[PDB]
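I have placed the structure first, in the form of structure tokens, so that the comments after it can refer back to it.
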Amino acid sequence: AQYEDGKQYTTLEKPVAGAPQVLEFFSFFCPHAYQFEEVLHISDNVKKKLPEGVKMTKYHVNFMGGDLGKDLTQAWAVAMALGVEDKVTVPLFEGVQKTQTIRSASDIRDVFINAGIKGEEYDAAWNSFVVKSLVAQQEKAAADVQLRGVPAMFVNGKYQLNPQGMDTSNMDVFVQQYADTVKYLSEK
Amino acid sequence: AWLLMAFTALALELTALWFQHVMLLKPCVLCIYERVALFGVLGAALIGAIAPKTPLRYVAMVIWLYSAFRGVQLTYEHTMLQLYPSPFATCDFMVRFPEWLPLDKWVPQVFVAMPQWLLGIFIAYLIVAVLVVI
Ligand SMILES: COC1=C(OC)C(=O)C(CC=C(C)C)=C(C)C1=O
Ligand SMILES: [Zn+2]
């Protein structure tokens with residue numbers, strides 16, 4: 001009647017268990033992903049339509065940045081542990097893409113320093129099992145939803161996101177029209 | 001036709017190729033797509049409807065319909081992004097064939113071991129391709 005596979009979402013062919021209820025991917029290099037979050041804040045937006053306390057997770061990925069990508073991931077992974085994410089997303093996007101001032105593990109290190117994370121406390125867990133586990137939890141979460149590009153989104157690990165099912169001229173609209181698709185798939 | 005394309009087709013297929021590997025190995029997902037909006041047409045545009053016989057050259061005009069059409073935008077878009085980004089989009093490093101047309105990305109991406117020209121010549125090799133034929 002009015003909500004379609006291959007249109008605004010696609011249904012995942014081989015659907016993955018134990019999955020996060022909703023889960024996004026992104027690199028700190030894809031100007032698009034940068035848009036997705038920097039410019040349109042889509043997460044925050046989407047966060048808000050979601051039902052009572054339904055887990056909204058978010059993983060970073062490797063292909064873009066060879067050596068650094070990984071550490072960026074590992075680094076990130078930390079922020080997942082310390083529940084710091086919210087305070088580092090933005091320095092990092094910026095540091096990496098926009099400011100072009102990030103080159104090494106430490107430039108990054110320093111950003112956690114910068115954002116209210118203690119240089120030792122941010123290393124205490126960096127090498128911790130907590131993190132290492134988490135990295136893989138990602139490395140493998142991509143691999144599971146047979147992933148090719150970013151940013152990307154998937155609901156209860158069943159439904160990948162067709163953002164082309166939607167407007168491309170009006171932001172204000174596309175967003176809400178986006179968050180909708182997600183809500184819809186959260187009770188399906 | 002055949003030759004004038006093949007002569008040049010080769011000379012640009014390989015201008016990619018010849019150097020693809022000498023180019024060490026620059027990243028690209030548009031890569032294939034566009035190199036396929038190439039070899040998908042030229043190969044089967046020589047062989048197309050100018051073909052093994054020349055008294056039926058309209059199958060190619062069709063093969064030159066959906067040809068550099070993509071060839072145009074495949075580069076067109078591709079380059080539209082390169083300084084001018086957009087949310088409702090991606091950035092990958094991956095194979096795909098929505099009907100099991102599979103081998104194609106276990107070979108030409110595989111046995112591969114500057115947007116400037118492409119974008120324009122994908123459209124340059126279009127109006128001239130249409131004018132003289134249609
Ligand atoms: C950015 O990605 C791409 C390339 O870079 C390695 C190419 O060389 C080529 C092919 C190059 C020539 C000169 C035909 C294409 C089509 C492409 O999309
Ligand atoms: Zn903003």
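Every chain in the structure tokens has a letter given in the order shown (A, B, ...), and although residue numbers restart at 1 in each chain, ligands are simply numbered from 1 in the order shown.
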Q: For chain B, work out the contacting residues on chain A at 10 Å, counting only C-alpha atoms, and write them as a PyMOL selection string.
A: chain A and resi 26-27+29-40+42+63-64+147-152+162-168+171+174
Would you write out those residues with N, CA and C atoms, as an mmCIF file, in the first residue's frame?
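As a result, again.cif now contains:
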data_model
loop_
_atom_site.group_PDB
_atom_site.id
_atom_site.type_symbol
_atom_site.label_atom_id
_atom_site.label_comp_id
_atom_site.auth_asym_id
_atom_site.auth_seq_id
_atom_site.Cartn_x
_atom_site.Cartn_y
_atom_site.Cartn_z
ATOM 1 N N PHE A 26 29.997 3.919 9.733
ATOM 2 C CA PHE A 26 30.571 5.161 9.257
ATOM 3 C C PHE A 26 32.077 5.125 9.358
ATOM 4 N N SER A 27 32.737 5.853 8.479
ATOM 5 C CA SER A 27 34.142 6.117 8.701
ATOM 6 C C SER A 27 34.302 7.568 9.057
ATOM 7 N N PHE A 29 36.098 9.593 7.267
ATOM 8 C CA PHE A 29 36.785 9.952 6.048
ATOM 9 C C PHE A 29 35.780 10.198 4.943
ATOM 10 N N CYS A 30 34.649 9.495 5.007
ATOM 11 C CA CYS A 30 33.607 9.644 4.003
ATOM 12 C C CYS A 30 32.836 10.954 4.129
ATOM 13 N N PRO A 31 33.196 11.954 3.313
ATOM 14 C CA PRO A 31 32.519 13.229 3.350
ATOM 15 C C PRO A 31 31.023 13.078 3.452
ATOM 16 N N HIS A 32 30.508 11.955 2.994
ATOM 17 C CA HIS A 32 29.093 11.713 3.076
ATOM 18 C C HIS A 32 28.686 11.408 4.498
ATOM 19 N N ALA A 33 29.359 10.431 5.103
ATOM 20 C CA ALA A 33 29.170 10.100 6.511
ATOM 21 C C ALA A 33 29.354 11.352 7.366
ATOM 22 N N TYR A 34 30.429 12.092 7.110
ATOM 23 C CA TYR A 34 30.584 13.403 7.697
ATOM 24 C C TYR A 34 29.301 14.210 7.540
ATOM 25 N N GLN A 35 28.747 14.284 6.332
ATOM 26 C CA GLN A 35 27.482 14.981 6.165
ATOM 27 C C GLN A 35 26.477 14.352 7.101
ATOM 28 N N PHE A 36 26.162 13.096 6.817
ATOM 29 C CA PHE A 36 25.204 12.304 7.565
ATOM 30 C C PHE A 36 25.120 12.695 9.020
ATOM 31 N N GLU A 37 26.270 12.839 9.670
ATOM 32 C CA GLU A 37 26.292 13.129 11.104
ATOM 33 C C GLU A 37 26.621 14.584 11.444
ATOM 34 N N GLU A 38 27.657 15.134 10.815
ATOM 35 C CA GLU A 38 28.017 16.537 11.036
ATOM 36 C C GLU A 38 26.903 17.508 10.689
ATOM 37 N N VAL A 39 26.413 17.382 9.459
ATOM 38 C CA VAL A 39 25.481 18.340 8.883
ATOM 39 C C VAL A 39 24.020 18.036 9.248
ATOM 40 N N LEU A 40 23.621 16.775 9.123
ATOM 41 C CA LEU A 40 22.232 16.399 9.311
ATOM 42 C C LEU A 40 21.964 15.735 10.646
ATOM 43 N N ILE A 42 21.755 13.043 11.635
ATOM 44 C CA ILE A 42 20.732 11.995 11.484
ATOM 45 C C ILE A 42 20.528 11.112 12.708
ATOM 46 N N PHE A 63 38.222 0.104 5.871
ATOM 47 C CA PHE A 63 38.769 0.182 4.503
ATOM 48 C C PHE A 63 39.443 1.498 4.167
ATOM 49 N N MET A 64 38.806 2.601 4.553
ATOM 50 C CA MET A 64 39.326 3.942 4.294
ATOM 51 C C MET A 64 40.341 4.369 5.346
ATOM 52 N N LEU A 147 28.943 -5.899 4.275
ATOM 53 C CA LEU A 147 28.965 -4.479 4.117
ATOM 54 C C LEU A 147 29.982 -4.061 3.111
ATOM 55 N N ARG A 148 29.606 -3.045 2.345
ATOM 56 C CA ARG A 148 30.415 -2.588 1.228
ATOM 57 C C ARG A 148 30.740 -1.106 1.374
ATOM 58 N N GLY A 149 29.706 -0.286 1.627
ATOM 59 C CA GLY A 149 29.854 1.172 1.735
ATOM 60 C C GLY A 149 29.401 1.753 3.063
ATOM 61 N N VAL A 150 29.666 3.049 3.260
ATOM 62 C CA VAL A 150 29.237 3.822 4.449
ATOM 63 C C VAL A 150 28.799 5.250 4.104
ATOM 64 N N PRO A 151 28.039 5.894 4.988
ATOM 65 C CA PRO A 151 27.363 5.392 6.186
ATOM 66 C C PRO A 151 26.258 4.400 5.827
ATOM 67 N N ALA A 152 25.703 3.707 6.811
ATOM 68 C CA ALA A 152 24.718 2.674 6.555
ATOM 69 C C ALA A 152 24.058 2.373 7.864
ATOM 70 N N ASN A 162 17.954 1.953 2.435
ATOM 71 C CA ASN A 162 17.867 2.608 1.122
ATOM 72 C C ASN A 162 17.479 4.077 1.349
ATOM 73 N N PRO A 163 18.480 4.990 1.389
ATOM 74 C CA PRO A 163 18.229 6.429 1.592
ATOM 75 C C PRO A 163 17.732 7.122 0.331
ATOM 76 N N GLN A 164 17.816 6.402 -0.791
ATOM 77 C CA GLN A 164 17.356 6.867 -2.099
ATOM 78 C C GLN A 164 15.863 6.649 -2.255
ATOM 79 N N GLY A 165 15.244 5.920 -1.338
ATOM 80 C CA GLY A 165 13.803 5.776 -1.388
ATOM 81 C C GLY A 165 13.103 7.077 -1.043
ATOM 82 N N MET A 166 13.894 8.131 -0.841
ATOM 83 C CA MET A 166 13.435 9.351 -0.166
ATOM 84 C C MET A 166 13.787 10.648 -0.941
ATOM 85 N N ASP A 167 13.261 11.804 -0.512
ATOM 86 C CA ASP A 167 13.581 13.075 -1.179
ATOM 87 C C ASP A 167 15.090 13.313 -1.188
ATOM 88 N N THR A 168 15.576 14.106 -2.140
ATOM 89 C CA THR A 168 16.994 14.521 -2.163
ATOM 90 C C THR A 168 17.156 16.056 -2.274
ATOM 91 N N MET A 171 15.987 18.646 2.784
ATOM 92 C CA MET A 171 16.626 18.102 3.959
ATOM 93 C C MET A 171 15.607 17.923 5.053
ATOM 94 N N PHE A 174 13.580 14.972 4.140
ATOM 95 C CA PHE A 174 14.317 13.718 3.976
ATOM 96 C C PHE A 174 14.616 13.071 5.327
#
Q) Could you pull the residues within 10 Å of residue B:17, counting only C-alpha atoms, minus those fewer than 5 positions along the same chain, as a PyMOL selection string? A) chain B and resi 10-12+22-23+108+111-113
Take the residues that were just selected and, keeping C-alpha atoms, output them as a short mmCIF file (atom, residue, chain, number, x, y, z; two decimals), in the first residue's frame.
data_model
loop_
_atom_site.label_atom_id
_atom_site.label_comp_id
_atom_site.auth_asym_id
_atom_site.auth_seq_id
_atom_site.Cartn_x
_atom_site.Cartn_y
_atom_site.Cartn_z
CA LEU B 10 42.37 -0.46 -26.99
CA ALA B 11 44.50 2.72 -26.77
CA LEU B 12 42.36 3.86 -23.78
CA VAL B 22 52.27 0.86 -13.07
CA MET B 23 49.97 3.38 -11.35
CA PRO B 108 39.07 -6.76 -14.15
CA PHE B 111 43.85 -8.70 -12.83
CA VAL B 112 44.41 -4.88 -12.59
CA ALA B 113 47.70 -5.58 -10.68
#
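Take atom CA of residue A:51 and atom CA of residue A:86: the distance between them is 20.3 Å.
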**Q.** Surroundings of ligand 1 up to 7 Å, based on only C-alpha atoms and all ligand atoms, as an NGL selection string
**A.** :B and (12-13 or 15-16 or 20 or 25-35 or 75 or 114-115 or 118)
Those residues with C-alpha atoms, as a CSV table (one decimal), in the first residue's frame please?
chain,number,residue,atom,x,y,z
B,12,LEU,CA,42.4,3.9,-23.8
B,13,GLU,CA,41.2,0.5,-22.3
B,15,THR,CA,45.8,3.6,-21.2
B,16,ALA,CA,43.9,2.7,-18.1
B,20,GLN,CA,46.7,0.6,-13.9
B,25,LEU,CA,47.2,0.5,-7.6
B,26,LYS,CA,45.0,3.7,-7.0
B,27,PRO,CA,41.7,3.0,-5.2
B,28,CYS,CA,38.4,3.3,-7.0
B,29,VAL,CA,34.9,1.7,-6.8
B,30,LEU,CA,33.7,3.8,-9.6
B,31,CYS,CA,36.7,2.1,-11.0
B,32,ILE,CA,35.0,-1.0,-12.4
B,33,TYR,CA,31.5,0.6,-12.9
B,34,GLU,CA,33.0,3.1,-15.3
B,35,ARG,CA,35.6,0.7,-16.7
B,75,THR,CA,32.0,9.8,-14.2
B,114,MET,CA,43.0,11.8,-13.9
B,115,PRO,CA,39.2,11.8,-13.4
B,118,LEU,CA,37.4,10.3,-18.2
Q | All residues 12 Å or closer to stretch 39-46 of chain B, only C-alpha atoms, same chain fewer than 2 positions away omitted, as a ChimeraX atom specification | A | /B:1-14,16-17,32-37,48-54,57-71,104,108,122,125-126,129
Q.
as a VMD selection string, please: every residue in stretch 1-184 of chain A that a backbone DSSP assignment puts in strand (DSSP E).
A. chain A and resid 9 to 11 22 to 26 56 to 60 152 to 155 159 to 161
**Q.** DSSP-assigned helix (DSSP H, G or I) members of stretch 1-187 of chain A, reported as number ranges by chain
**A.** A: 31-39, 42-49, 66-81, 85-87, 89-98, 105-115, 121-124, 129-144, 163-165, 171-186
**Q.** Exercise: residue A:131 partners within 8 Å, only C-alpha atoms, chain neighbours under 2 positions left out, as a PyMOL selection string
**A.** chain A and resi 74+77-78+81+125-129+133-135
Neighbours of residue A:14 within 8 Å (only C-alpha atoms; same-chain residues fewer than 2 positions away dropped), as a PDB file with C-alpha atoms, in the first residue's frame?
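And here is the file that came out, out_30.pdb:
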ATOM      1  CA  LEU A  12      18.555  -8.114   4.182  1.00  0.00           C
ATOM      2  CA  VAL A  16      22.031 -11.782  11.264  1.00  0.00           C
ATOM      3  CA  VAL A 145      25.724  -7.412   7.306  1.00  0.00           C
TER       4      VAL A 145
END
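Here atom CA of residue B:123 stands at a distance of 14.3 Å from atom CA of residue B:80.
Closest approach to ligand 2 from the set A:45, A:99, A:177, A:137 is made by A:45, with distances taken over only C-alpha atoms and all ligand atoms.
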Q: Excluding residue A:73 and any residue of its chain fewer than 6 positions from it, enumerate the residues within 8 Å of it, using only C-alpha atoms, and give them as a PyMOL selection string.
A: chain A and resi 60-62+135
